[PDB]
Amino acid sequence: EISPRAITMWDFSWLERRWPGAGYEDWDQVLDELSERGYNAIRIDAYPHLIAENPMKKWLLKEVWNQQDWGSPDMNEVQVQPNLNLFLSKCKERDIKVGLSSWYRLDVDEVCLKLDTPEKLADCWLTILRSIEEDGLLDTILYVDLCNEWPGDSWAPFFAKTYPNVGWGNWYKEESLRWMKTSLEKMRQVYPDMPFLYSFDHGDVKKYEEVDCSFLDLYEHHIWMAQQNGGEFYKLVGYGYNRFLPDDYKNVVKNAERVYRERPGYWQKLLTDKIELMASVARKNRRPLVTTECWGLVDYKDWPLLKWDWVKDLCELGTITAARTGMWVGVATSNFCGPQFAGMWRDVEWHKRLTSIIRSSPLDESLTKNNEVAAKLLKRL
């Protein structure tokens, strides 16, 4: 039978967080730790825009934030190739499959802004895929996502500049659908059997049913308890995703746990209701699901007075709920599943119990029988 993969998002941290103690200095050690925990897939940023401009250039990147522990809290320098192929080879050696995505990290020359048409964006990914195929590593790639949380302007400013009227998260608007469709057609002229998609965080999962998005081979949907019911949890806590100031986190310290423990069942029901709803939509549309950003709080970190226990509780619930539906082919336990989140990474048995459940969950027959689109991803698991 085909087994789902237990996946973790290593985003742009795999390449960037390699200063002393940053977490990803020794890829063999962290990939051994990852396998020991039972994960067998990773979602990473491929930096296609940088590879397509100059693959061996040492690029100076501007930070996205200084309040979070993903990637760099200040300026940093990266060289994408051969580092990507090196990293992919270490994955292959350990039978870890890799999903590619991008957050289109801003270098000082902001090269991603040039990708202002779906054809340009596709040409850029066609280049990165050929760089991977040069070292015979394409079979290690599980899927290709053209943009994290499409079409948010933080990640896709090259799109948001041209179509300011679509707005954050509205992937289902006509301009977005058209762009996505044209880009994926260009991809399939070269890689017809590779699963392609764009990943979304928009909370109204019923849009998958209301619009023609059949051109997506899978759905990678980000789901957090904290964002449910119009972001009720965070409105209560006082968290606004501030990227450079500490005040939002101070509210997380003061209120997050309190707000949750006041009525854990209520929060848990918001989470599981969304997960079940997503599975329903996926089953109707006959598409496999992957979730790499989940399941409790969106932002968290090792910090004084931040406890991980209640967050792990929500992650465990999310994981087990998703896995049981049969619609997920790739399931993450959380978006803190890496060596820089000591509080999340450390309890090896907690991971092993969940990855065991994920990897032994049977898939729905809507995916395994008479489904050529789904078979593109299933054959790679």
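One-based numbering along the sequence shown.
- If you average the C-alpha B-factors over 132 to 140 and over 233 to 241, the higher value belongs to 132 to 140.
- Between 12 to 20 and 357 to 365, it is 357 to 365 that carries the larger average Cα temperature factor according to the deposited entry.
- The PDB entry gives the largest Cα B-factor of the residues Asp145, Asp302, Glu175, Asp74 to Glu175.
- Looking at the C-alpha B-factors along this chain, the one for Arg346 belongs to the highest third.
- The PDB entry assigns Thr319 a C-alpha temperature factor belonging to the lowest third of its chain's modelled residues.
- The entry lists a Cα temperature factor for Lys254 that places it in the lowest third of the chain's modelled residues.
- Per the deposited record, the Cα B-factor of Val30 falls in the lowest third when ranked against the other modelled residues of its chain.
- In this PDB entry, the Cα temperature factor of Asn54 sits in the top third of its chain's modelled residues, the highest group.
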